[PDB]
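S.K.: Just need the structure, nothing else, for what follows:
(one chain, ligands or ions: 2)
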Amino acid sequence: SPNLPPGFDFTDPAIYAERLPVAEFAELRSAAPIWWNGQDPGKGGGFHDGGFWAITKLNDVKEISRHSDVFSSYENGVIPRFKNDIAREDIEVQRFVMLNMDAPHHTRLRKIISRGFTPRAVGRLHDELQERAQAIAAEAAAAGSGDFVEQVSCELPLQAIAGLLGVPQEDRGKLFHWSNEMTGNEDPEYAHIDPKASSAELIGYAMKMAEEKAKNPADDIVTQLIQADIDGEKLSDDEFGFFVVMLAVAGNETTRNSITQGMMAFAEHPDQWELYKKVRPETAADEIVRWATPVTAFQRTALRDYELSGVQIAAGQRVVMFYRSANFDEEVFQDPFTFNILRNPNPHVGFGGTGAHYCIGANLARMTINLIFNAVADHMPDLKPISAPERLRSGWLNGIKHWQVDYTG
Ligand code: HEM
Ligand SMILES: CCOC(=O)c1cc2cc(-c3ccncc3)ccc2n1CC1CCCC1
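M.R.: Numbers count the residues shown, from 1 in each chain. Ligands and ions are numbered 1, 2, ... in the order given. Dropping the coordinates below:
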């Protein structure tokens, strides 16, 4: 057996509020790459089936992610942990967003929404995001010190979402408020947030925006999404509203935490930080994502019996892909535990395994990371941390709530 405590759960929020279970992930990769992770009664993060299969190897993650005909996202959602007492109804509302849909409903939705993540559309965000990144850094440096997460990591990913959706300036304040109130409620610091409230307001704003853009068409990404194409396909108003609700999560706390941990990695590896400031290599973004793995894990449900790397997975059983483990697989990376911002190629699964659900925002994310870290180098090159970062209590998100930091040194 793999050497692990009894009653160990890799989706336990208690661990991730403290640390990442890196030694435990390494143990499984070596001794039990696919491992039944049982869960005590009542302690199933919202799922009362007794446990799941841990998936720790990159190739195993990639097999599951491409075989979405077997490994469903609809059946139980992809989030592997909620509050233990969460109602089944609240899990199943996730199916209203593309992420938790299967083919063919996902296939139709992904093809329409692809019209918003063309390389061309993302490039029109470059200039506005670059200028904001620069001012965010200058504003942060001028403060001398403070919470790096709030002052450097927080704002720009939200600007990318708002700029992509063309949200007018005056509306961005409440849009950021709602977007930031969607996850993390298992952490004591956010016990009082109601995601369903903010989501219903997000959908209302998103649907009103889509009604208005129909009446007054433009050359935005919104109007391309709600008016029909060759096949007569388009998002109806509520579907656009579920698209916005998804964007408010999928591209917010993820890029946020990659910026933070990416800076956390440059503190720990001064060699890489000195190198970065000199060459500003855009390969850093991928290494920063591999290092940060903002989504520790996503799950699937096997719709039929399936044999994966010599392990019989039974219909209805859950498999949880631990991207945190896959991104440090010794069989795929030379030195996984070397932060190397020049690593090329870099086949990390930070954006998920390739397949139907592979992150549509991967290139926007990489651009956001590259702009903000260029701005950090321009305005805050001698960044020194004050105190140790404060981790987020979450079973699937690898979050940093706060990080006290001096920008002058
Ligand atoms: C910056 C770090 C990011 C990380 C680590 C990340 C990670 C992921 C992962 C793991 C998936 C699921 C992969 C799979 O199931 O195969 C995903 C899907 C998705 N991501 Fe991201 N993401 C990031 C940024 C973004 C951004 C900036 C956006 C949009 C502005 C975005 C939008 C989406 C959407 C819409 C999906 C659903 C795709 C589908 O189900 O067809 N993500 N992301
Ligand atoms: C209106 C229907 O949608 C929602 O309420 C909703 C969508 C959603 C998406 C993510 C997500 C996470 C990671 N990468 C992409 C998307 C996370 C949470 C989400 N919730 C709220 C949940 C909290 C408990 C109830 C469900």
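
S.K.: Distance of the closest residue to residue 55 other than its chain neighbours relative to ligand 1?
M.R.: Beyond its immediate neighbours in the sequence, the residue positioned closest to residue 55 (Cβ to Cβ, 6 or more residues apart in numbering) is residue 321, lying 4.6 Å away. All C-beta spots, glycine's among them, are computed from the backbone N, C-alpha and C. Distance of residue 321 to ligand 1, given as Cβ to the nearest ligand atom, to the nearest Å: 8 Å.

S.K.: ok, now residue 403?
M.R.: Shown here: residue 403 relative to ligand 1, a distance of 17 Å by Cβ to the nearest ligand atom.

S.K.: Same question for residue 6.
M.R.: Residue 6 is 30 Å from ligand 1, by Cβ to the nearest ligand atom.

S.K.: where does that residue land in three-state SS?
M.R.: Assigned with DSSP: H, G, I helix; E, B strand; the rest coil, residue 6 falls in the coil class.

S.K.: Use 743 as the first number from now on
M.R.: Sure thing, new numbering starts at 743, so read that last one as residue 748.

S.K.: number of nearby residues for it?
M.R.: Residue 748: 5 surrounding residues under other Cβ atoms under 10 Å.

S.K.: repeat for residue 930
M.R.: 9.

S.K.: swap in residue 947?
M.R.: 17.

S.K.: Keeping just the C-alphas, turn the one helix or strand it maps to into CSV.
M.R.: Residue 947 is part of helix 937-957, with elements assigned from DSSP states H and E. Only the C-alpha atoms of helix 937-957 are listed here, as CSV (Å, rounded to 0.1, in the frame of the first residue of the first chain):
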residue,chain,number,x,y,z
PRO,A,937,-22.8,32.9,-4.4
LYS,A,938,-26.3,32.2,-5.5
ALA,A,939,-27.2,35.8,-4.7
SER,A,940,-24.3,37.3,-6.7
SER,A,941,-24.9,34.8,-9.6
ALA,A,942,-28.6,35.8,-9.9
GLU,A,943,-27.5,39.4,-10.1
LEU,A,944,-24.7,38.5,-12.5
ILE,A,945,-27.2,36.7,-14.8
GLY,A,946,-29.6,39.6,-14.6
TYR,A,947,-26.9,42.1,-15.7
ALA,A,948,-25.7,39.7,-18.4
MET,A,949,-29.2,39.1,-19.8
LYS,A,950,-30.1,42.8,-19.8
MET,A,951,-26.8,43.4,-21.6
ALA,A,952,-27.8,40.9,-24.3
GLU,A,953,-31.3,42.3,-24.7
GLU,A,954,-29.8,45.8,-25.3
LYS,A,955,-27.1,44.6,-27.7
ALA,A,956,-29.8,43.0,-29.9
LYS,A,957,-31.5,46.3,-30.2
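
S.K.: Mind giving me the packing neighbours of that helix?
M.R.: Counting contacts by 3 or more Cβ pairs under 8 Å, 6 or more residues apart in numbering; DSSP states H and E, helix 937-957 packs against helix 914-921, helix 963-968, helix 979-992.

S.K.: Spatially nearest residue to residue 1089 (excluding sequence neighbours)?
M.R.: Excluding its sequence neighbours, the residue lying closest to residue 1089 (Cβ to Cβ, 6+ apart) is residue 1074, at 6.4 Å.

S.K.: No further questions, thank you.
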